[PDB]
């Protein structure tokens, strides 16, 4: 039975019920409240977008270099976001905003991903799944609400895909199921146990929006 379903179960229970129907956590950090209650700023959102771009650039470099050969299965999935973020940062530059340097949440996550990618493929796969699949789920609703609050409803490229998203996602889920099928139970469990750290490091990047 498909291992992605196991990763999704763990991810959902780590959401707050404010923010997702299947979430089981209480609101503890900002950002963990329902998005409609957020008070974002453009300054904070730009830090979030720059730090996000650093993480996506890092994930793209890891699957191209493929220090473990299974990572090459995840090249060119259609979910890559670095080009879309570059376009959106240029839109903000054309509007007169300053683009910030990467902040500590993105620098920290990028460094950790590079380390994991070499030493711990099971833990890396947990982050690959949670980072990309978070974005195409709640990330889209964050983008829409932030654009309503601050951008007069501008629809940024970060929230657009060149192909049907349900099919893109399902084909990556089936690739993830295939890379995990030879794993032992212990390797699968090790992957699942990494999910809290992905939520922590991602959450610190999301919190920039509200900073």
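Numbering follows the first chain given and starts at 1.
Between the stretches 86 to 94 and 117 to 125, it is 86 to 94 that shows the larger average CA temperature factor. As listed in the deposited structure, the average C-alpha B-factor of 55 to 63 and of 162 to 170 is greater for 162 to 170. Take 21, 188, 197, 25 and read off each C-alpha B-factor from the entry; 21 has the highest. Residue-level temperature factors show residue 205 in the lowest third of its chain, judged at the C-alpha atom. In the PDB entry, residue 136 places in the lowest third of its chain by CA B-factor. Annotation for residue 151: C-alpha temperature factor in the highest third relative to the rest of the modelled chain, per the entry. The PDB entry assigns residue 34 a C-alpha temperature factor belonging to the highest third of its chain's modelled residues. Ranked against the other modelled residues of its chain, the C-alpha B-factor of residue 49 as given in the entry falls in the lowest third.
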